[PDB]
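Enquirer: Okay, so here is input-v2.txt, and as you'll see once you scroll down, it has compact mmCIF, C-alpha atoms.
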```txt
# COMPACT_ATOMS: atom_id res chain seq x y z
CA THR A 1 0.00 0.00 0.00
CA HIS A 2 1.46 3.28 -1.21
CA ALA A 3 1.66 6.48 0.79
CA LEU A 4 2.73 9.92 -0.41
CA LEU A 5 4.41 12.09 2.28
CA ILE A 6 3.51 15.80 1.96
CA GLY A 7 3.92 19.07 3.83
CA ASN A 8 5.34 22.55 3.97
CA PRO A 9 9.19 22.87 3.79
CA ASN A 10 11.25 22.42 6.95
CA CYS A 11 8.50 20.59 8.96
CA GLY A 12 10.66 17.53 9.90
CA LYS A 13 9.20 15.85 6.85
CA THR A 14 12.53 14.24 6.08
CA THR A 15 13.04 13.22 9.67
CA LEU A 16 9.63 11.45 9.59
CA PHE A 17 10.64 9.87 6.36
CA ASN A 18 13.76 8.56 8.05
CA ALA A 19 11.89 7.44 11.10
CA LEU A 20 9.45 5.37 8.98
CA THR A 21 11.85 3.90 6.41
CA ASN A 22 15.19 3.63 8.25
CA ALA A 23 17.90 2.22 5.94
CA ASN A 24 15.21 0.97 3.55
CA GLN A 25 15.22 4.09 1.40
CA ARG A 26 16.89 5.41 -1.72
CA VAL A 27 17.42 8.41 -3.90
CA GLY A 28 16.94 8.87 -7.64
CA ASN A 29 15.74 11.71 -9.85
CA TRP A 30 12.15 12.44 -10.40
CA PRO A 31 11.31 11.55 -14.00
CA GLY A 32 13.21 13.66 -16.53
CA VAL A 33 14.13 16.41 -14.06
CA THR A 34 17.10 17.18 -11.79
CA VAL A 35 15.22 17.15 -8.50
CA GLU A 36 16.05 14.14 -6.35
CA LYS A 37 13.28 11.76 -5.43
CA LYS A 38 13.45 9.77 -2.21
CA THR A 39 11.47 6.58 -1.92
CA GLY A 40 11.34 3.99 0.84
CA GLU A 41 9.33 1.26 2.51
CA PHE A 42 8.58 -0.46 5.79
CA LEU A 43 6.87 -3.61 6.96
CA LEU A 44 3.94 -3.20 9.36
CA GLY A 45 3.27 -6.76 10.22
CA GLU A 46 2.76 -8.72 7.03
CA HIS A 47 1.73 -5.44 5.30
CA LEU A 48 4.29 -3.64 3.09
CA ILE A 49 4.12 0.17 3.05
CA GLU A 50 5.82 2.10 0.30
CA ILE A 51 6.44 5.80 0.72
CA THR A 52 7.24 8.54 -1.67
CA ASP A 53 8.53 11.76 -0.29
CA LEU A 54 7.24 14.95 -1.96
CA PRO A 55 9.13 18.16 -1.81
CA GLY A 56 7.52 20.59 0.52
CA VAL A 57 5.27 23.34 -0.76
CA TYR A 58 3.04 25.85 0.95
CA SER A 59 0.37 25.54 -1.76
CA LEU A 60 -0.38 23.21 -4.65
CA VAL A 61 -0.36 26.00 -7.25
CA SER A 62 9.82 26.76 -8.62
CA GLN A 63 10.62 23.23 -10.06
CA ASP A 64 10.06 21.44 -6.68
CA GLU A 65 6.79 23.24 -5.96
CA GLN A 66 5.79 21.88 -9.32
CA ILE A 67 6.65 18.24 -8.70
CA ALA A 68 4.33 17.98 -5.71
CA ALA A 69 1.54 19.74 -7.55
CA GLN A 70 1.69 17.12 -10.31
CA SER A 71 2.53 14.01 -8.28
CA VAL A 72 -0.77 14.10 -6.32
CA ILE A 73 -2.48 13.72 -9.67
CA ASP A 74 0.24 11.70 -11.61
CA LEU A 75 1.06 8.98 -9.16
CA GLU A 76 -0.77 5.93 -8.08
CA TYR A 77 -1.10 6.18 -4.34
CA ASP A 78 -3.51 4.83 -1.73
CA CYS A 79 -3.17 7.52 0.92
CA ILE A 80 -1.40 10.72 2.08
CA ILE A 81 0.53 11.39 5.22
CA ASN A 82 0.26 15.10 5.67
CA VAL A 83 3.03 16.22 8.03
CA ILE A 84 2.23 19.34 9.95
CA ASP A 85 4.49 21.44 12.14
CA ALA A 86 2.59 22.14 15.42
CA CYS A 87 4.31 25.44 15.71
CA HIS A 88 2.89 26.84 12.46
CA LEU A 89 -0.47 25.19 12.34
CA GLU A 90 -2.38 27.92 10.59
CA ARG A 91 0.08 28.18 7.68
CA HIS A 92 0.52 24.44 7.42
CA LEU A 93 -3.19 23.68 7.17
CA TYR A 94 -3.48 25.72 3.99
CA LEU A 95 -1.89 22.78 2.20
CA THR A 96 -3.98 20.36 4.17
CA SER A 97 -7.29 21.79 3.10
CA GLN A 98 -6.14 21.66 -0.54
CA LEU A 99 -5.15 17.93 -0.10
CA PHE A 100 -8.59 17.05 1.35
CA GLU A 101 -10.01 18.20 -2.00
CA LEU A 102 -8.33 15.20 -3.75
CA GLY A 103 -10.77 12.68 -2.26
CA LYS A 104 -7.88 10.44 -1.40
CA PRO A 105 -7.31 9.26 2.26
CA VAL A 106 -5.24 11.56 4.49
CA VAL A 107 -3.82 11.06 7.96
CA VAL A 108 -2.19 14.07 9.71
CA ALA A 109 1.17 13.62 11.49
CA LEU A 110 1.31 16.54 13.94
CA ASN A 111 5.01 16.92 14.39
CA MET A 112 7.22 19.03 16.73
CA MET A 113 4.96 18.64 19.68
CA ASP A 114 8.00 19.16 21.93
CA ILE A 115 8.96 22.48 20.34
CA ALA A 116 5.28 23.38 20.35
CA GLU A 117 5.17 22.82 24.12
CA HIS A 118 8.47 24.67 24.77
CA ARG A 119 6.95 27.69 22.98
CA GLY A 120 3.81 27.43 25.13
CA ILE A 121 1.67 26.27 22.19
CA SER A 122 -1.18 24.00 23.20
CA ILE A 123 -3.17 22.11 20.61
CA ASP A 124 -6.39 20.27 21.32
CA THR A 125 -5.76 17.17 19.18
CA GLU A 126 -9.19 15.64 19.67
CA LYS A 127 -10.81 18.90 18.54
CA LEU A 128 -8.55 19.36 15.49
CA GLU A 129 -9.36 15.80 14.46
CA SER A 130 -13.08 16.38 15.06
CA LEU A 131 -13.00 19.51 12.86
CA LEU A 132 -10.71 18.18 10.07
CA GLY A 133 -12.45 14.76 9.82
CA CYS A 134 -9.22 12.68 9.65
CA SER A 135 -6.87 11.00 12.11
CA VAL A 136 -4.56 13.60 13.66
CA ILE A 137 -1.58 11.77 15.16
CA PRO A 138 0.73 13.72 17.46
CA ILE A 139 4.44 12.81 17.06
CA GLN A 140 8.10 13.80 17.56
CA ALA A 141 9.77 12.32 14.56
CA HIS A 142 13.24 13.37 15.71
CA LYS A 143 12.68 11.31 18.87
CA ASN A 144 10.52 8.48 17.42
CA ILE A 145 7.63 9.39 19.68
CA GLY A 146 4.30 8.70 18.02
CA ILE A 147 5.64 6.71 15.06
CA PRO A 148 4.03 3.47 16.10
CA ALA A 149 0.56 5.00 16.39
CA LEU A 150 1.00 6.82 13.04
CA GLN A 151 2.01 3.45 11.61
CA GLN A 152 -1.08 1.89 13.13
CA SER A 153 -3.30 4.66 11.76
CA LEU A 154 -1.83 3.91 8.28
CA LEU A 155 -3.46 0.52 8.12
CA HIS A 156 -6.90 2.11 8.72
CA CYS A 157 -6.42 5.04 6.33
CA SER A 158 -8.88 3.96 3.65
CA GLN A 159 -11.78 6.47 4.03
CA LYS A 160 -11.65 9.60 1.88
CA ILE A 161 -12.10 13.02 3.40
CA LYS A 162 -14.60 15.81 2.91
CA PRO A 163 -13.37 19.12 1.68
CA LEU A 164 -13.57 21.70 4.42
CA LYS A 165 -16.78 23.74 4.21
CA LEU A 166 -15.66 27.13 2.87
CA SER A 167 -17.78 30.26 2.69
CA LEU A 168 -17.59 32.02 -0.65
CA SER A 169 -19.56 34.75 -2.31
CA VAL A 170 -22.61 33.70 -4.28
CA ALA A 171 -20.99 35.11 -7.43
CA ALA A 172 -17.88 33.10 -6.65
CA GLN A 173 -19.69 29.89 -5.69
CA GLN A 174 -21.63 30.14 -8.93
CA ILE A 175 -18.33 30.24 -10.93
CA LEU A 176 -16.75 27.28 -9.17
CA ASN A 177 -19.93 25.20 -9.69
CA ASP A 178 -20.00 26.07 -13.46
CA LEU A 179 -16.33 25.23 -13.63
CA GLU A 180 -16.86 21.87 -11.86
CA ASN A 181 -19.69 20.97 -14.25
CA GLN A 182 -17.85 22.07 -17.41
CA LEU A 183 -15.15 19.57 -16.27
CA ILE A 184 -17.58 16.68 -15.58
CA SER A 185 -19.06 17.10 -19.10
CA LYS A 186 -15.54 17.17 -20.51
CA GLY A 187 -15.41 13.60 -19.17
CA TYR A 188 -13.42 14.12 -15.95
CA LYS A 189 -14.15 11.87 -12.96
CA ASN A 190 -15.94 13.58 -10.03
CA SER A 191 -13.13 13.60 -7.46
CA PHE A 192 -10.77 15.12 -9.97
CA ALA A 193 -13.27 17.72 -11.28
CA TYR A 194 -13.95 19.07 -7.82
CA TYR A 195 -10.21 19.31 -7.15
CA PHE A 196 -9.09 20.61 -10.51
CA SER A 197 -11.72 23.41 -10.41
CA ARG A 198 -10.27 24.89 -7.20
CA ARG A 199 -6.80 24.84 -8.69
CA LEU A 200 -7.97 26.62 -11.83
CA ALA A 201 -9.78 29.09 -9.57
CA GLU A 202 -6.49 29.76 -7.89
CA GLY A 203 -4.84 30.27 -11.23
CA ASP A 204 -3.05 26.97 -11.71
CA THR A 205 -1.37 26.53 -15.07
CA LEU A 206 -0.48 22.83 -14.60
CA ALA A 207 -3.88 24.34 -24.08
CA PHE A 208 -7.33 23.61 -22.54
CA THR A 209 -6.11 24.90 -19.13
CA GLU A 210 -5.09 28.23 -20.74
CA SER A 211 -8.50 28.83 -22.30
CA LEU A 212 -10.36 28.31 -19.04
CA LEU A 213 -7.83 30.60 -17.20
CA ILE A 214 -8.55 33.57 -19.44
CA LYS A 215 -12.24 32.83 -19.06
CA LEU A 216 -11.83 33.19 -15.25
CA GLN A 217 -10.02 36.56 -15.66
CA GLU A 218 -12.74 37.88 -18.01
CA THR A 219 -15.24 37.47 -15.14
CA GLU A 220 -13.06 40.28 -13.62
CA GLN A 221 -13.66 38.75 -10.16
CA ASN A 222 -10.12 37.84 -8.92
CA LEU A 223 -11.29 34.44 -7.93
CA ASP A 224 -7.71 33.68 -6.73
CA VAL A 225 -7.83 36.32 -4.09
CA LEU A 226 -11.38 35.30 -3.05
CA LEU A 227 -10.63 31.60 -2.76
CA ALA A 228 -7.42 32.18 -0.76
CA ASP A 229 -9.48 34.26 1.69
CA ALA A 230 -12.25 31.71 2.13
CA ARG A 231 -9.59 29.04 2.62
CA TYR A 232 -7.87 31.25 5.14
CA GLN A 233 -11.06 32.12 7.11
CA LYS A 234 -12.04 28.51 7.70
CA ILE A 235 -8.51 27.67 8.63
CA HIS A 236 -8.15 30.71 10.95
CA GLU A 237 -11.40 29.67 12.50
CA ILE A 238 -10.16 26.08 13.10
CA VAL A 239 -6.92 27.37 14.62
CA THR A 240 -8.77 29.69 17.04
CA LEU A 241 -10.82 26.63 18.28
CA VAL A 242 -7.84 24.33 18.74
CA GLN A 243 -4.79 26.41 19.57
CA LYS A 244 -4.09 28.77 22.42
CA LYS A 245 -1.05 31.09 22.65
```
Kindly transcribe the structure held in the file into structure tokens.
Expert:
Amino acid sequence: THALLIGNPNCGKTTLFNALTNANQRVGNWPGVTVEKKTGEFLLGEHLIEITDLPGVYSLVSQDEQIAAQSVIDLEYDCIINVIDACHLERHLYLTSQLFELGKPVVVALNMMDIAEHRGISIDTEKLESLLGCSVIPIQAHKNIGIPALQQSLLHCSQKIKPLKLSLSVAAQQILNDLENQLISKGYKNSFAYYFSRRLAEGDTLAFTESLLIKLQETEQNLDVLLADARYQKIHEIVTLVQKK
């Protein structure tokens, strides 16, 4: 069973990678580019788990930032391990909310709990999980704390997640729902149409994609700005419920 590992840069993503895969890991190039790909695997009982590390990115919309953007559509994977840094929850969940729009299983690895605590940051894990609708597994990858539970949660990471409920203008919701339907008629599968619409809305470039993009500009609405805000408000609201100081 195949797990992509995703997060923002500098979140201990590599350390978690090392913690999970140990010496059973290797480096090559991503296909036809210079960026190095790291892959590895671990046994979890009789179960094999393969893991592909993605280069960190704030947002799915810069050669590295590009690889991650296309791998979550290009690759065949069964679930995502979204690594979050507890100390920068609000930023790090921007990516998370975007990932939930893939309709693929996600488990959150809530890393740096020790640094979080040292900085007087307290996170209600049960509440974050209740809000986000996926396992949220507190860890300290650098110290191997939490790894076994995150491993355990991998075996039961087969349910897909709901996009977060975002509040957009009626004008704006209208445009995203036209865009989604245009895509379905085109022949796209539902999961992908929902996801690909949001990316377009944000102004993602990655012949048919360039026609739609000018069409979104001609509505003179700045969808990108609007969608970023609605994503931000829901996320700010989740942070204010779960995190103090």
Enquirer: Identify, on the basis of all atoms listed in the file, every residue whose closest approach to residue 183 (chain A) does not exceed 10 Å; exclude the query and any residue fewer than 3 positions from it along the same chain; express the result as a short mmCIF file (atom, residue, chain, number, x, y, z; two decimals) with C-alpha atoms, keeping the file's coordinate frame.
Expert:
```cif
data_model
loop_
_atom_site.label_atom_id
_atom_site.label_comp_id
_atom_site.auth_asym_id
_atom_site.auth_seq_id
_atom_site.Cartn_x
_atom_site.Cartn_y
_atom_site.Cartn_z
CA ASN A 177 -19.93 25.20 -9.69
CA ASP A 178 -20.00 26.07 -13.46
CA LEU A 179 -16.33 25.23 -13.63
CA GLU A 180 -16.86 21.87 -11.86
CA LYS A 186 -15.54 17.17 -20.51
CA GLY A 187 -15.41 13.60 -19.17
CA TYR A 188 -13.42 14.12 -15.95
CA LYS A 189 -14.15 11.87 -12.96
CA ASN A 190 -15.94 13.58 -10.03
CA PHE A 192 -10.77 15.12 -9.97
CA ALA A 193 -13.27 17.72 -11.28
CA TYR A 194 -13.95 19.07 -7.82
CA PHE A 196 -9.09 20.61 -10.51
CA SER A 197 -11.72 23.41 -10.41
#
```
Enquirer: Ranking A:129, A:117, A:90, A:220 by minimum distance to residue 58 (chain A) and counting all atoms listed in the file, which one comes first?
Expert: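 Of all the options, A:90 lies closest to residue 58 (chain A).
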Enquirer: Could you check which of A:161, A:75, A:137, A:166 is closest to residue 236 (chain A), using all atoms listed in the file?
Expert: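 Once distances to residue 236 (chain A) are computed over all atoms listed in the file, the minimum belongs to A:166.
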Enquirer: When you draw a straight line from CA of residue 171 (chain A) to CA of residue 232 (chain A), how long is it in Å?
Expert: 18.6 Å
Enquirer: Which residues are close to residue 3 (chain A), i.e. within 8 Å by only C-alpha atoms, leaving aside same-chain residues fewer than 2 positions away? Reply as a VMD selection string.
Expert: chain A and resid 1 5 49 to 52 77 to 81
Enquirer: Selected residues, C-alpha atoms, written as a tab-separated table (two decimals), keeping the file's coordinate frame, please.
Expert:
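Okay, this is what ended up in selection39.tsv:
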```tsv
chain	number	residue	atom	x	y	z
A	1	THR	CA	0.00	0.00	0.00
A	5	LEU	CA	4.41	12.09	2.28
A	49	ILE	CA	4.12	0.17	3.05
A	50	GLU	CA	5.82	2.10	0.30
A	51	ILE	CA	6.44	5.80	0.72
A	52	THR	CA	7.24	8.54	-1.67
A	77	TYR	CA	-1.10	6.18	-4.34
A	78	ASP	CA	-3.51	4.83	-1.73
A	79	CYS	CA	-3.17	7.52	0.92
A	80	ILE	CA	-1.40	10.72	2.08
A	81	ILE	CA	0.53	11.39	5.22
```
Enquirer: Please provide as a list in words all residues within 9 Å of residue 44 (chain A), with the sequence filter that same-chain residues fewer than 3 positions apart are discarded (counting only C-alpha atoms).
Expert: residues 47, 48, 49, 151, 152 and 155 of chain A
Enquirer: So how far away is CA of residue 15 (chain A) from CA of residue 241 (chain A), in Å?
Expert: 28.7 Å
Enquirer: Could you tell me which of A:98, A:140, A:221, A:122 comes closest to residue 195 (chain A) if we count only C-alpha atoms?
Expert: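 Between A:98, A:140, A:221, A:122, the residue approaching residue 195 (chain A) most closely is A:98.
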Enquirer: For residue 27 (chain A), find every residue with an atom within 10 Å (counting all atoms listed in the file), except residues of its own chain fewer than 6 positions away, and show them as a list in words.
Expert: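 Final neighbour list, sorted by chain and number: residues 36, 37, 38, 39 and 40 of chain A.
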Enquirer: Can you tell me, as a ChimeraX atom specification, which residues sit within 10 Å of (-10.8, 30.6, -1.1) in the file's frame, using all atoms listed in the file?
Expert: /A:166-169,172,198,201-202,223-234
Enquirer: Store the residues picked out above in a file with C-alpha atoms, as a PDB file, in the frame of the given file.
Expert:
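Output below, filename out.pdb:
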```pdb
ATOM      1  CA  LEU A 166     -15.660  27.130   2.870  1.00  0.00           C
ATOM      2  CA  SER A 167     -17.780  30.260   2.690  1.00  0.00           C
ATOM      3  CA  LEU A 168     -17.590  32.020  -0.650  1.00  0.00           C
ATOM      4  CA  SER A 169     -19.560  34.750  -2.310  1.00  0.00           C
ATOM      5  CA  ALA A 172     -17.880  33.100  -6.650  1.00  0.00           C
ATOM      6  CA  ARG A 198     -10.270  24.890  -7.200  1.00  0.00           C
ATOM      7  CA  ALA A 201      -9.780  29.090  -9.570  1.00  0.00           C
ATOM      8  CA  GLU A 202      -6.490  29.760  -7.890  1.00  0.00           C
ATOM      9  CA  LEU A 223     -11.290  34.440  -7.930  1.00  0.00           C
ATOM     10  CA  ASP A 224      -7.710  33.680  -6.730  1.00  0.00           C
ATOM     11  CA  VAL A 225      -7.830  36.320  -4.090  1.00  0.00           C
ATOM     12  CA  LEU A 226     -11.380  35.300  -3.050  1.00  0.00           C
ATOM     13  CA  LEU A 227     -10.630  31.600  -2.760  1.00  0.00           C
ATOM     14  CA  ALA A 228      -7.420  32.180  -0.760  1.00  0.00           C
ATOM     15  CA  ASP A 229      -9.480  34.260   1.690  1.00  0.00           C
ATOM     16  CA  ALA A 230     -12.250  31.710   2.130  1.00  0.00           C
ATOM     17  CA  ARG A 231      -9.590  29.040   2.620  1.00  0.00           C
ATOM     18  CA  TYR A 232      -7.870  31.250   5.140  1.00  0.00           C
ATOM     19  CA  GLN A 233     -11.060  32.120   7.110  1.00  0.00           C
ATOM     20  CA  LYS A 234     -12.040  28.510   7.700  1.00  0.00           C
TER      21      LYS A 234
END
```
Enquirer: Could you write region 3-23 of chain A as a tab-separated table (two decimals), keeping the file's coordinate frame, with N, CA, C and O atoms rebuilt where they are missing?
Expert:
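Result saved to rebuild_5.tsv:
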```tsv
chain	number	residue	atom	x	y	z
A	3	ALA	N	1.96	5.25	0.05
A	3	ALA	CA	1.66	6.48	0.79
A	3	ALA	C	2.56	7.61	0.31
A	3	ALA	O	3.76	7.47	0.32
A	4	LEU	N	1.96	8.70	-0.14
A	4	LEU	CA	2.73	9.92	-0.41
A	4	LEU	C	2.93	10.67	0.92
A	4	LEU	O	2.00	10.73	1.73
A	5	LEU	N	4.12	11.24	1.11
A	5	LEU	CA	4.41	12.09	2.28
A	5	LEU	C	4.55	13.57	1.86
A	5	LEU	O	5.39	13.94	1.02
A	6	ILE	N	3.69	14.41	2.42
A	6	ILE	CA	3.51	15.80	1.96
A	6	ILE	C	3.48	16.78	3.11
A	6	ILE	O	2.85	16.52	4.15
A	7	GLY	N	4.09	17.94	2.90
A	7	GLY	CA	3.92	19.07	3.83
A	7	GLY	C	4.52	20.37	3.31
A	7	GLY	O	4.88	20.51	2.15
A	8	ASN	N	4.58	21.36	4.19
A	8	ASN	CA	5.34	22.55	3.97
A	8	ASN	C	6.82	22.17	4.11
A	8	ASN	O	7.12	21.18	4.73
A	9	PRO	N	7.74	23.01	3.60
A	9	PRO	CA	9.19	22.87	3.79
A	9	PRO	C	9.57	22.87	5.24
A	9	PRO	O	8.83	23.41	6.05
A	10	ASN	N	10.70	22.27	5.59
A	10	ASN	CA	11.25	22.42	6.95
A	10	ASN	C	10.24	22.07	8.08
A	10	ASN	O	10.22	22.76	9.13
A	11	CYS	N	9.43	21.02	7.89
A	11	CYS	CA	8.50	20.59	8.96
A	11	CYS	C	8.90	19.26	9.65
A	11	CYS	O	8.06	18.66	10.36
A	12	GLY	N	10.17	18.86	9.49
A	12	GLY	CA	10.66	17.53	9.90
A	12	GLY	C	10.17	16.43	8.97
A	12	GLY	O	10.08	15.26	9.34
A	13	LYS	N	9.82	16.80	7.75
A	13	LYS	CA	9.20	15.85	6.85
A	13	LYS	C	10.22	14.77	6.60
A	13	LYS	O	9.90	13.62	6.64
A	14	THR	N	11.47	15.16	6.39
A	14	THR	CA	12.53	14.24	6.08
A	14	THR	C	12.84	13.38	7.28
A	14	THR	O	13.06	12.19	7.15
A	15	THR	N	12.87	13.98	8.45
A	15	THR	CA	13.04	13.22	9.67
A	15	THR	C	11.95	12.17	9.81
A	15	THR	O	12.24	11.05	10.21
A	16	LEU	N	10.70	12.48	9.48
A	16	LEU	CA	9.63	11.45	9.59
A	16	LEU	C	9.86	10.36	8.59
A	16	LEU	O	9.73	9.17	8.88
A	17	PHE	N	10.26	10.78	7.39
A	17	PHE	CA	10.64	9.87	6.36
A	17	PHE	C	11.68	8.92	6.86
A	17	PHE	O	11.59	7.74	6.56
A	18	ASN	N	12.68	9.42	7.57
A	18	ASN	CA	13.76	8.56	8.05
A	18	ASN	C	13.27	7.62	9.16
A	18	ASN	O	13.67	6.45	9.25
A	19	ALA	N	12.40	8.16	10.00
A	19	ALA	CA	11.89	7.44	11.10
A	19	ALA	C	11.08	6.23	10.58
A	19	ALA	O	11.21	5.11	11.10
A	20	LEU	N	10.29	6.44	9.53
A	20	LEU	CA	9.45	5.37	8.98
A	20	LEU	C	10.26	4.34	8.20
A	20	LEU	O	10.06	3.16	8.36
A	21	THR	N	11.21	4.78	7.39
A	21	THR	CA	11.85	3.90	6.41
A	21	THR	C	13.22	3.36	6.83
A	21	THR	O	13.67	2.38	6.29
A	22	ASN	N	13.89	4.02	7.76
A	22	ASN	CA	15.19	3.63	8.25
A	22	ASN	C	16.22	3.49	7.16
A	22	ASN	O	16.43	4.45	6.46
A	23	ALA	N	16.89	2.35	7.00
A	23	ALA	CA	17.90	2.22	5.94
A	23	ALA	C	17.24	1.79	4.64
A	23	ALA	O	17.87	1.75	3.57
```
